[PDB]
Amino acid sequence: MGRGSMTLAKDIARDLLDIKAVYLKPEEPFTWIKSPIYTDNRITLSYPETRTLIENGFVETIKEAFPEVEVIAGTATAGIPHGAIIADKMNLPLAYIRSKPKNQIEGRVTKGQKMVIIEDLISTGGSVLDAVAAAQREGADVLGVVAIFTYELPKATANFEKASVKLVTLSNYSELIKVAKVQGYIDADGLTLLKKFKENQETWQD
Amino acid sequence: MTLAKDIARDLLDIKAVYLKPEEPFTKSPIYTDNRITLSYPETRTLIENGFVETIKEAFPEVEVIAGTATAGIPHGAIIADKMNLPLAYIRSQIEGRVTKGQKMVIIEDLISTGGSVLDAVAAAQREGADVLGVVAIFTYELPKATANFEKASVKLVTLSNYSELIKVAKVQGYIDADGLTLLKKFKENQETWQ
């Protein structure tokens, strides 16, 4: 329900900040509009230790939230790598869902097969929600979605609520920024600026 | 080894490879989709373990595994985990984090003309990677591919090939004596095989 172990969220957030999968710059934001946070979880694939922490994290939270799972599907293309390793560890069939046809489901999925979709980052959620929709159109019984990280944007919760799809994440914005402060990546000011950004990606610098 | 044989066996049984010499597709007598292997745990492990063993023997000094977008990425990820090595992948430019001069082995699903991978190879080098070579699951053994690879001076290794697969197809009863020779002709020339 929402995430996995409180300690997994903490450890992963720690790792994301250390290897620089997540950058925090409250004082000099990047551009979209202006954002104090930037994330590329594809970086985690280059650090075996962190990668293993994340993939084991996936396997564990899947067993808790979606134990009935029969097929692991990765979201093209940032989610595929994680999904592959996950499927290997759990010795389950792997499939992957494309942005659009070249029939977006690659691999072999039988009608009704229970599927968990893997995503690396949840921002608005639109990408994975489209992957979910496509899988459902092709016959899959999508138990839900599991992602490495989420910005906890209200929009995302709204999109997921409306589509009725269950989402679980290894770590989250709230816990990451709390850890960021403790670990010295940001100061008091930065922390409040980051909280502001989550509540409104427009008036946080005001 | 029996690896090429064993893999061909699997490819035919799960329908990753489809042989239809008496009624080609639209004209080819073979249809191949190895992304299908990803759905069969045991065949997938057979393949990934195959990759690992082949990589150890051909490119033991490998430092980073790179998958070709996007059919190669899954195989590369598993390979990289099994060998506890860093993983990166090339788009169509390198996703992940590769350091200058890092010894890389690029992973590919199928080798038809070998144009896709070679471009991936080219791009990787352009970004500072020392590509040791390429390893793919299967290859049609097209003369064009051998040429392309010979020119670009890139070493290639496959887990299984067209010749082995068709030989196995005959033995296993997927094709008869006529289909077999028809498949050999297709390899020699995609135009005048019939």
# chains A, B, ... in the order shown; residues from 1 in each chain; ligands from 1

call {"tool": "residues_around", "arguments": {"residues": "range 50-53 of chain A", "least_positions_apart": "5", "cutoff": "10 Å", "atoms": "only C-alpha atoms", "output": "list in words"}}
result
residues 8, 11, 12, 14, 15, 16, 18, 19, 41, 42, 43, 44, 45, 58, 82, 85 and 86 of chain A; 81, 84, 86 and 87 of chain B

call {"tool": "write_last_selection", "arguments": {"atoms": "C-alpha atoms", "output": "CSV table (one decimal), in the first residue's frame"}}
result
chain,number,residue,atom,x,y,z
A,8,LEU,CA,13.9,0.0,2.1
A,11,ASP,CA,18.2,2.8,2.1
A,12,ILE,CA,17.3,3.3,-1.6
A,14,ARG,CA,20.3,7.0,0.4
A,15,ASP,CA,21.7,5.2,-2.6
A,16,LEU,CA,19.9,7.4,-5.2
A,18,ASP,CA,24.9,8.9,-3.3
A,19,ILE,CA,25.3,7.6,-6.9
A,41,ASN,CA,17.3,6.1,-12.5
A,42,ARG,CA,19.0,4.7,-15.5
A,43,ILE,CA,22.2,5.6,-13.7
A,44,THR,CA,21.5,2.9,-11.1
A,45,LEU,CA,22.1,0.3,-13.7
A,58,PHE,CA,11.4,-4.9,-6.2
A,82,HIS,CA,15.0,-3.7,-14.0
A,85,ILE,CA,16.6,-8.8,-13.6
A,86,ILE,CA,13.4,-9.0,-11.5
B,81,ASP,CA,23.6,-9.1,-13.0
B,84,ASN,CA,28.0,-8.6,-11.3
B,86,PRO,CA,27.9,-2.5,-14.7
B,87,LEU,CA,25.1,-2.2,-17.3

call {"tool": "residues_around", "arguments": {"residues": "range 168-173 of chain B", "least_positions_apart": "3", "cutoff": "7 Å", "atoms": "only C-alpha atoms", "output": "PyMOL selection string"}}
result
chain B and resi 5+8-9+164-165+176+180

call {"tool": "write_last_selection", "arguments": {"atoms": "C-alpha atoms", "output": "compact mmCIF listing (two decimals), in the first residue's frame"}}
result
# COMPACT_ATOMS: atom_id res chain seq x y z
CA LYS B 5 22.19 -27.05 -30.80
CA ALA B 8 18.15 -23.91 -31.71
CA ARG B 9 16.08 -26.74 -30.26
CA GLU B 164 22.84 -25.40 -36.88
CA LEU B 165 19.20 -24.43 -36.50
CA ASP B 176 11.65 -32.25 -44.54
CA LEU B 180 16.19 -28.08 -45.75

call {"tool": "closest_residue", "arguments": {"among": "B:78, B:14, B:123, B:135", "to": "chain A", "atoms": "only C-alpha atoms"}}
result
B:78

call {"tool": "closest_residue", "arguments": {"among": "A:49, A:28, A:60, A:119", "to": "residue 75 in chain A", "atoms": "only C-alpha atoms"}}
result
A:119

call {"tool": "interface_residues", "arguments": {"of": "chain B", "to": "chain A", "cutoff": "10 Å", "atoms": "only C-alpha atoms", "output": "PyMOL selection string"}}
result
chain B and resi 14+16+33-42+44-45+48+64-65+67+69-89+91+95-98

call {"tool": "atom_distance", "arguments": {"atom1": "CA of residue 116 in chain A", "atom2": "CA of residue 22 in chain A"}}
result
24.8 Å

call {"tool": "closest_atom_pairs", "arguments": {"of": "range 9-111 of chain A", "to": "range 179-189 of chain A", "cutoff": "10 Å", "atoms": "only C-alpha atoms", "output": "JSON lines"}}
result
{"residue": "A:9", "atom": "CA", "partner": "A:179", "partner_atom": "CA", "distance": 10.0}
{"residue": "A:10", "atom": "CA", "partner": "A:179", "partner_atom": "CA", "distance": 7.1}
{"residue": "A:11", "atom": "CA", "partner": "A:179", "partner_atom": "CA", "distance": 9.2}
{"residue": "A:13", "atom": "CA", "partner": "A:179", "partner_atom": "CA", "distance": 7.1}
{"residue": "A:14", "atom": "CA", "partner": "A:179", "partner_atom": "CA", "distance": 6.8}
{"residue": "A:17", "atom": "CA", "partner": "A:180", "partner_atom": "CA", "distance": 7.4}
{"residue": "A:18", "atom": "CA", "partner": "A:185", "partner_atom": "CA", "distance": 9.4}
{"residue": "A:23", "atom": "CA", "partner": "A:185", "partner_atom": "CA", "distance": 9.1}
{"residue": "A:24", "atom": "CA", "partner": "A:185", "partner_atom": "CA", "distance": 7.3}
{"residue": "A:25", "atom": "CA", "partner": "A:186", "partner_atom": "CA", "distance": 8.0}
{"residue": "A:26", "atom": "CA", "partner": "A:186", "partner_atom": "CA", "distance": 8.0}
{"residue": "A:27", "atom": "CA", "partner": "A:189", "partner_atom": "CA", "distance": 9.0}

call {"tool": "select_by_dssp", "arguments": {"residues": "range 55-204 of chain A", "states": "strand (DSSP E or B)", "output": "number ranges by chain"}}
result
A: 71-75, 94-97, 105-106, 114-122, 141-150, 167-169

call {"tool": "residues_around", "arguments": {"residues": "residue 61 in chain B", "least_positions_apart": "4", "cutoff": "9 Å", "atoms": "only C-alpha atoms", "output": "list in words"}}
result
residues 56, 103, 104 and 132 of chain B

call {"tool": "write_last_selection", "arguments": {"atoms": "C-alpha atoms", "output": "short mmCIF file (atom, residue, chain, number, x, y, z; two decimals), in the first residue's frame"}}
result
data_model
loop_
_atom_site.label_atom_id
_atom_site.label_comp_id
_atom_site.auth_asym_id
_atom_site.auth_seq_id
_atom_site.Cartn_x
_atom_site.Cartn_y
_atom_site.Cartn_z
CA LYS B 56 34.21 -15.20 -20.40
CA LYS B 103 36.09 -2.30 -21.96
CA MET B 104 32.60 -2.98 -23.32
CA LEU B 132 35.85 -5.52 -27.27
#

call {"tool": "select_by_dssp", "arguments": {"residues": "chain A", "states": "alpha helix (DSSP H)", "output": "compact mmCIF listing (two decimals) with N, CA and C atoms, in the first residue's frame"}}
result
# COMPACT_ATOMS: atom_id res chain seq x y z
N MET A 6 9.69 0.63 5.36
CA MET A 6 10.11 1.99 5.64
C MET A 6 11.62 2.11 5.54
N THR A 7 12.30 1.00 5.81
CA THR A 7 13.76 0.97 5.79
C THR A 7 14.31 0.78 4.37
N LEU A 8 13.52 0.15 3.51
CA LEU A 8 13.91 -0.01 2.11
C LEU A 8 13.88 1.39 1.47
N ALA A 9 12.77 2.10 1.68
CA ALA A 9 12.60 3.45 1.15
C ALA A 9 13.78 4.31 1.58
N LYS A 10 14.19 4.14 2.83
CA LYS A 10 15.29 4.92 3.37
C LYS A 10 16.63 4.55 2.74
N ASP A 11 16.91 3.26 2.65
CA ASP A 11 18.17 2.83 2.08
C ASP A 11 18.30 3.23 0.61
N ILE A 12 17.27 2.95 -0.18
CA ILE A 12 17.28 3.30 -1.60
C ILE A 12 17.46 4.81 -1.83
N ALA A 13 16.71 5.61 -1.08
CA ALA A 13 16.82 7.06 -1.21
C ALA A 13 18.28 7.44 -0.95
N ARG A 14 18.88 6.80 0.04
CA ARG A 14 20.27 7.02 0.38
C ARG A 14 21.15 6.73 -0.82
N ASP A 15 20.94 5.58 -1.43
CA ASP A 15 21.69 5.19 -2.60
C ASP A 15 21.47 6.08 -3.81
N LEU A 16 20.23 6.51 -4.04
CA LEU A 16 19.93 7.36 -5.19
C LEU A 16 20.69 8.68 -5.09
N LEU A 17 20.77 9.22 -3.88
CA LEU A 17 21.48 10.47 -3.68
C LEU A 17 22.99 10.29 -3.82
N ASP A 18 23.51 9.20 -3.26
CA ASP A 18 24.95 8.94 -3.31
C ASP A 18 25.48 8.75 -4.73
N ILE A 19 24.86 7.88 -5.52
CA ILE A 19 25.34 7.64 -6.88
C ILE A 19 24.92 8.72 -7.85
N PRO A 48 26.38 -2.00 -9.78
CA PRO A 48 25.94 -3.32 -9.32
C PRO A 48 25.42 -3.42 -7.90
N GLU A 49 26.10 -2.77 -6.97
CA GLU A 49 25.66 -2.82 -5.59
C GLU A 49 24.31 -2.16 -5.42
N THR A 50 24.16 -0.93 -5.90
CA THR A 50 22.89 -0.22 -5.78
C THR A 50 21.79 -0.92 -6.57
N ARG A 51 22.14 -1.41 -7.76
CA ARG A 51 21.22 -2.10 -8.64
C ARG A 51 20.62 -3.31 -7.92
N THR A 52 21.49 -4.10 -7.31
CA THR A 52 21.05 -5.28 -6.59
C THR A 52 20.12 -4.89 -5.45
N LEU A 53 20.41 -3.77 -4.79
CA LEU A 53 19.56 -3.31 -3.69
C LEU A 53 18.17 -2.99 -4.22
N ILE A 54 18.13 -2.31 -5.36
CA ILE A 54 16.87 -1.93 -5.97
C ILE A 54 16.09 -3.13 -6.49
N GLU A 55 16.74 -4.00 -7.25
CA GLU A 55 16.04 -5.16 -7.80
C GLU A 55 15.55 -6.10 -6.69
N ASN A 56 16.35 -6.29 -5.64
CA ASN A 56 15.88 -7.15 -4.55
C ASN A 56 14.72 -6.42 -3.90
N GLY A 57 14.83 -5.10 -3.82
CA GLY A 57 13.75 -4.32 -3.26
C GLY A 57 12.47 -4.57 -4.06
N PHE A 58 12.59 -4.64 -5.39
CA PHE A 58 11.43 -4.88 -6.23
C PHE A 58 10.85 -6.25 -5.93
N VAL A 59 11.69 -7.27 -5.99
CA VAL A 59 11.24 -8.64 -5.72
C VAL A 59 10.49 -8.74 -4.39
N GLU A 60 11.05 -8.14 -3.34
CA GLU A 60 10.43 -8.19 -2.03
C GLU A 60 9.10 -7.48 -2.03
N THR A 61 9.04 -6.24 -2.52
CA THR A 61 7.75 -5.55 -2.48
C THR A 61 6.69 -6.12 -3.40
N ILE A 62 7.12 -6.89 -4.40
CA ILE A 62 6.18 -7.53 -5.31
C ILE A 62 5.53 -8.69 -4.53
N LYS A 63 6.37 -9.48 -3.86
CA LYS A 63 5.89 -10.60 -3.07
C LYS A 63 4.89 -10.16 -1.99
N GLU A 64 5.01 -8.92 -1.53
CA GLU A 64 4.10 -8.44 -0.50
C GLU A 64 2.81 -7.88 -1.10
N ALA A 65 2.96 -7.06 -2.14
CA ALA A 65 1.81 -6.41 -2.77
C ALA A 65 1.11 -7.17 -3.91
N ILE A 80 12.44 -1.67 -18.62
CA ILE A 80 12.84 -3.00 -19.09
C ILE A 80 14.02 -3.66 -18.34
N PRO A 81 15.18 -2.97 -18.23
CA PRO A 81 16.35 -3.54 -17.54
C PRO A 81 16.07 -4.08 -16.15
N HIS A 82 15.36 -3.30 -15.34
CA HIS A 82 15.01 -3.70 -13.98
C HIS A 82 14.10 -4.92 -14.06
N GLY A 83 13.08 -4.83 -14.92
CA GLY A 83 12.15 -5.92 -15.10
C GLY A 83 12.83 -7.23 -15.49
N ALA A 84 13.85 -7.14 -16.34
CA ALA A 84 14.55 -8.33 -16.77
C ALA A 84 15.15 -9.03 -15.56
N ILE A 85 15.97 -8.29 -14.81
CA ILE A 85 16.61 -8.84 -13.63
C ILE A 85 15.57 -9.36 -12.63
N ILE A 86 14.49 -8.61 -12.44
CA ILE A 86 13.43 -9.04 -11.54
C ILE A 86 12.88 -10.40 -11.99
N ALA A 87 12.53 -10.50 -13.27
CA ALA A 87 12.00 -11.75 -13.82
C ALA A 87 12.96 -12.93 -13.65
N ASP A 88 14.25 -12.66 -13.75
CA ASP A 88 15.26 -13.71 -13.61
C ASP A 88 15.32 -14.19 -12.17
N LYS A 89 15.35 -13.25 -11.23
CA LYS A 89 15.41 -13.58 -9.82
C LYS A 89 14.20 -14.38 -9.37
N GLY A 126 1.58 9.20 -16.33
CA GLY A 126 1.08 8.97 -17.67
C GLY A 126 1.73 7.86 -18.47
N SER A 127 3.06 7.80 -18.49
CA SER A 127 3.72 6.75 -19.27
C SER A 127 3.35 5.32 -18.86
N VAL A 128 3.43 5.04 -17.56
CA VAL A 128 3.12 3.69 -17.13
C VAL A 128 1.64 3.41 -17.24
N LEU A 129 0.80 4.43 -17.02
CA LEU A 129 -0.64 4.24 -17.13
C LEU A 129 -0.99 3.89 -18.57
N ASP A 130 -0.26 4.42 -19.54
CA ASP A 130 -0.53 4.08 -20.94
C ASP A 130 -0.05 2.63 -21.15
N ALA A 131 1.07 2.27 -20.54
CA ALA A 131 1.56 0.90 -20.68
C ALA A 131 0.53 -0.06 -20.08
N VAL A 132 -0.08 0.34 -18.97
CA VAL A 132 -1.10 -0.48 -18.33
C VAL A 132 -2.30 -0.66 -19.27
N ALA A 133 -2.79 0.47 -19.81
CA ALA A 133 -3.93 0.46 -20.73
C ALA A 133 -3.67 -0.45 -21.93
N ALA A 134 -2.48 -0.35 -22.50
CA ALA A 134 -2.14 -1.18 -23.64
C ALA A 134 -2.15 -2.66 -23.25
N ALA A 135 -1.57 -2.98 -22.10
CA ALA A 135 -1.54 -4.38 -21.65
C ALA A 135 -2.96 -4.91 -21.45
N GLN A 136 -3.82 -4.10 -20.86
CA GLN A 136 -5.19 -4.52 -20.66
C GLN A 136 -5.89 -4.73 -22.01
N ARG A 137 -5.63 -3.87 -22.98
CA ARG A 137 -6.26 -4.03 -24.30
C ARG A 137 -5.83 -5.35 -24.92
N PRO A 154 0.45 15.37 -6.76
CA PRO A 154 -0.99 15.13 -6.60
C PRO A 154 -1.57 14.60 -7.91
N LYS A 155 -1.11 15.19 -9.01
CA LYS A 155 -1.54 14.78 -10.34
C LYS A 155 -1.44 13.27 -10.48
N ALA A 156 -0.28 12.73 -10.14
CA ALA A 156 -0.07 11.29 -10.25
C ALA A 156 -1.09 10.52 -9.44
N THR A 157 -1.31 10.88 -8.17
CA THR A 157 -2.30 10.15 -7.39
C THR A 157 -3.66 10.24 -8.09
N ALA A 158 -4.00 11.42 -8.61
CA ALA A 158 -5.27 11.61 -9.31
C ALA A 158 -5.36 10.74 -10.56
N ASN A 159 -4.31 10.71 -11.38
CA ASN A 159 -4.31 9.89 -12.58
C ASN A 159 -4.48 8.41 -12.23
N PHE A 160 -3.77 7.96 -11.20
CA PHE A 160 -3.85 6.57 -10.79
C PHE A 160 -5.20 6.24 -10.18
N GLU A 161 -5.77 7.17 -9.42
CA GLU A 161 -7.07 6.94 -8.80
C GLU A 161 -8.09 6.77 -9.92
N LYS A 162 -8.12 7.72 -10.84
CA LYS A 162 -9.08 7.66 -11.93
C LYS A 162 -8.96 6.39 -12.79
N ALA A 163 -7.75 5.93 -13.06
CA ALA A 163 -7.58 4.72 -13.86
C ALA A 163 -7.76 3.48 -13.00
N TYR A 173 9.59 10.72 -2.67
CA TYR A 173 10.02 12.10 -2.49
C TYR A 173 10.16 12.49 -1.02
N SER A 174 9.09 12.33 -0.26
CA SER A 174 9.12 12.71 1.15
C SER A 174 10.31 12.12 1.89
N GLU A 175 10.45 10.80 1.84
CA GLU A 175 11.55 10.15 2.51
C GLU A 175 12.90 10.55 1.93
N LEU A 176 12.99 10.76 0.62
CA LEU A 176 14.28 11.13 0.04
C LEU A 176 14.75 12.49 0.51
N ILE A 177 13.86 13.48 0.56
CA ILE A 177 14.29 14.80 0.99
C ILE A 177 14.61 14.81 2.48
N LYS A 178 13.90 14.01 3.27
CA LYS A 178 14.18 13.95 4.70
C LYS A 178 15.61 13.41 4.84
N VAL A 179 15.90 12.33 4.14
CA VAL A 179 17.23 11.74 4.15
C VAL A 179 18.27 12.73 3.60
N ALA A 180 17.89 13.47 2.56
CA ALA A 180 18.80 14.43 1.96
C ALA A 180 19.29 15.44 2.99
N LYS A 181 18.38 15.93 3.84
CA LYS A 181 18.76 16.90 4.86
C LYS A 181 19.72 16.26 5.86
N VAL A 182 19.32 15.13 6.43
CA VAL A 182 20.14 14.41 7.39
C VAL A 182 21.54 14.15 6.83
N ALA A 188 18.10 23.34 5.88
CA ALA A 188 16.72 23.62 6.27
C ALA A 188 15.96 24.31 5.12
N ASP A 189 16.52 25.42 4.65
CA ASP A 189 15.92 26.18 3.56
C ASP A 189 15.52 25.29 2.38
N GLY A 190 16.51 24.53 1.91
CA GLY A 190 16.29 23.66 0.78
C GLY A 190 15.16 22.70 1.04
N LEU A 191 15.13 22.13 2.24
CA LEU A 191 14.06 21.18 2.56
C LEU A 191 12.66 21.78 2.45
N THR A 192 12.50 23.00 2.93
CA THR A 192 11.18 23.62 2.87
C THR A 192 10.86 23.99 1.42
N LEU A 193 11.89 24.35 0.66
CA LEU A 193 11.67 24.70 -0.74
C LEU A 193 11.17 23.46 -1.49
N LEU A 194 11.76 22.31 -1.16
CA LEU A 194 11.38 21.05 -1.81
C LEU A 194 9.96 20.63 -1.45
N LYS A 195 9.56 20.91 -0.21
CA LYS A 195 8.20 20.56 0.20
C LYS A 195 7.21 21.42 -0.57
N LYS A 196 7.58 22.68 -0.77
CA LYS A 196 6.78 23.66 -1.49
C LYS A 196 6.55 23.18 -2.92
N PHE A 197 7.63 22.75 -3.56
CA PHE A 197 7.59 22.29 -4.95
C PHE A 197 6.62 21.12 -5.15
N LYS A 198 6.53 20.25 -4.16
CA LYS A 198 5.64 19.10 -4.25
C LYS A 198 4.18 19.52 -4.20
N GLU A 199 3.90 20.58 -3.46
CA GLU A 199 2.54 21.08 -3.31
C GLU A 199 2.12 21.98 -4.47

call {"tool": "residues_around", "arguments": {"residues": "range 142-159 of chain B", "least_positions_apart": "6", "cutoff": "9 Å", "atoms": "only C-alpha atoms", "output": "ChimeraX atom specification"}}
result
/B:1,3-4,7,47,50-51,54-55,58,111-115,118,121-122,131-136,187-189

call {"tool": "write_last_selection", "arguments": {"atoms": "N, CA, C and O atoms", "output": "CSV table (one decimal), in the first residue's frame"}}
result
chain,number,residue,atom,x,y,z
B,1,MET,N,28.7,-24.9,-28.8
B,1,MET,CA,28.8,-26.2,-28.3
B,1,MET,C,27.5,-27.0,-28.6
B,1,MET,O,26.9,-26.9,-29.7
B,3,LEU,N,25.4,-26.0,-27.1
B,3,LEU,CA,24.7,-24.8,-26.7
B,3,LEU,C,24.0,-24.2,-28.0
B,3,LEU,O,22.8,-23.8,-27.9
B,4,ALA,N,24.7,-24.2,-29.1
B,4,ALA,CA,24.1,-23.8,-30.4
B,4,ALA,C,22.9,-24.7,-30.7
B,4,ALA,O,21.8,-24.3,-31.1
B,7,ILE,N,20.0,-24.4,-28.0
B,7,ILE,CA,19.3,-23.2,-28.1
B,7,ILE,C,18.4,-23.2,-29.4
B,7,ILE,O,17.3,-22.7,-29.4
B,47,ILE,N,19.9,-19.2,-22.5
B,47,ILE,CA,20.6,-18.2,-23.3
B,47,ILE,C,21.5,-17.3,-22.5
B,47,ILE,O,22.6,-17.1,-22.9
B,50,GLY,N,24.5,-18.9,-21.5
B,50,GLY,CA,25.2,-19.1,-22.7
B,50,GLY,C,26.1,-17.9,-22.9
B,50,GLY,O,27.3,-17.9,-23.1
B,51,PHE,N,25.4,-16.7,-22.9
B,51,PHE,CA,26.1,-15.4,-23.1
B,51,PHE,C,27.3,-15.3,-22.1
B,51,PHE,O,28.4,-15.1,-22.6
B,54,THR,N,30.2,-17.6,-23.0
B,54,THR,CA,30.8,-17.2,-24.2
B,54,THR,C,31.6,-15.9,-24.0
B,54,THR,O,32.7,-15.7,-24.5
B,55,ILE,N,31.1,-15.0,-23.2
B,55,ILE,CA,31.8,-13.7,-22.9
B,55,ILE,C,33.1,-13.9,-22.1
B,55,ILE,O,34.1,-13.3,-22.4
B,58,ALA,N,35.6,-15.4,-24.8
B,58,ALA,CA,36.0,-14.5,-25.9
B,58,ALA,C,36.5,-13.1,-25.4
B,58,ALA,O,37.4,-12.6,-26.0
B,111,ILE,N,21.3,-11.1,-35.5
B,111,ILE,CA,22.2,-10.6,-36.4
B,111,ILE,C,21.7,-10.9,-37.9
B,111,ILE,O,21.9,-12.0,-38.3
B,112,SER,N,21.1,-9.9,-38.5
B,112,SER,CA,20.7,-10.1,-39.9
B,112,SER,C,21.8,-9.5,-40.8
B,112,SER,O,22.6,-10.3,-41.3
B,113,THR,N,21.8,-8.2,-41.0
B,113,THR,CA,22.8,-7.6,-41.8
B,113,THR,C,23.9,-7.1,-40.9
B,113,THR,O,25.1,-6.9,-41.3
B,114,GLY,N,23.5,-6.9,-39.6
B,114,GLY,CA,24.5,-6.5,-38.6
B,114,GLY,C,24.7,-5.0,-38.6
B,114,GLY,O,25.6,-4.5,-38.0
B,115,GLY,N,23.8,-4.3,-39.3
B,115,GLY,CA,23.8,-2.8,-39.4
B,115,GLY,C,23.5,-2.1,-38.1
B,115,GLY,O,24.1,-1.1,-37.7
B,118,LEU,N,26.3,-2.6,-35.4
B,118,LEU,CA,27.5,-1.9,-35.8
B,118,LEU,C,27.4,-0.4,-35.6
B,118,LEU,O,28.4,0.3,-35.3
B,121,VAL,N,27.8,0.0,-32.0
B,121,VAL,CA,29.2,-0.1,-31.7
B,121,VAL,C,29.9,1.2,-32.0
B,121,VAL,O,30.6,1.8,-31.2
B,122,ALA,N,29.6,1.8,-33.2
B,122,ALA,CA,30.2,3.0,-33.7
B,122,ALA,C,29.9,4.1,-32.7
B,122,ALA,O,30.8,4.8,-32.2
B,131,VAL,N,35.1,-0.9,-27.2
B,131,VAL,CA,34.3,-2.1,-27.5
B,131,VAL,C,35.1,-3.3,-27.9
B,131,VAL,O,35.9,-3.2,-28.9
B,132,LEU,N,35.1,-4.3,-27.0
B,132,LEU,CA,35.8,-5.5,-27.3
B,132,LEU,C,35.3,-6.3,-28.4
B,132,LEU,O,36.0,-7.1,-29.1
B,133,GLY,N,34.0,-6.2,-28.6
B,133,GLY,CA,33.3,-6.9,-29.7
B,133,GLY,C,31.8,-7.1,-29.4
B,133,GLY,O,31.2,-6.4,-28.5
B,134,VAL,N,31.1,-7.9,-30.2
B,134,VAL,CA,29.7,-8.2,-30.1
B,134,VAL,C,29.4,-9.7,-29.9
B,134,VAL,O,30.1,-10.5,-30.4
B,135,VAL,N,28.3,-9.9,-29.2
B,135,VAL,CA,27.8,-11.3,-29.0
B,135,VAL,C,26.3,-11.3,-29.1
B,135,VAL,O,25.6,-10.4,-28.5
B,136,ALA,N,25.8,-12.1,-30.0
B,136,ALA,CA,24.3,-12.2,-30.3
B,136,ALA,C,23.8,-13.6,-30.1
B,136,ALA,O,24.5,-14.6,-30.2
B,187,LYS,N,20.0,-18.9,-47.8
B,187,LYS,CA,21.2,-18.4,-47.2
B,187,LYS,C,22.2,-17.9,-48.3
B,187,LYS,O,22.8,-16.8,-48.2
B,188,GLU,N,22.3,-18.7,-49.3
B,188,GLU,CA,23.2,-18.4,-50.4
B,188,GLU,C,22.7,-17.2,-51.3
B,188,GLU,O,23.5,-16.5,-51.8
B,189,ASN,N,21.4,-17.1,-51.4
B,189,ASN,CA,20.9,-15.9,-52.1
B,189,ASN,C,19.4,-15.8,-51.7
B,189,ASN,O,18.6,-16.7,-52.0

call {"tool": "atom_distance", "arguments": {"atom1": "CA of residue 166 in chain A", "atom2": "CA of residue 141 in chain A"}}
result
12.4 Å

call {"tool": "atom_distance", "arguments": {"atom1": "CA of residue 130 in chain B", "atom2": "CA of residue 102 in chain B"}}
result
5.7 Å
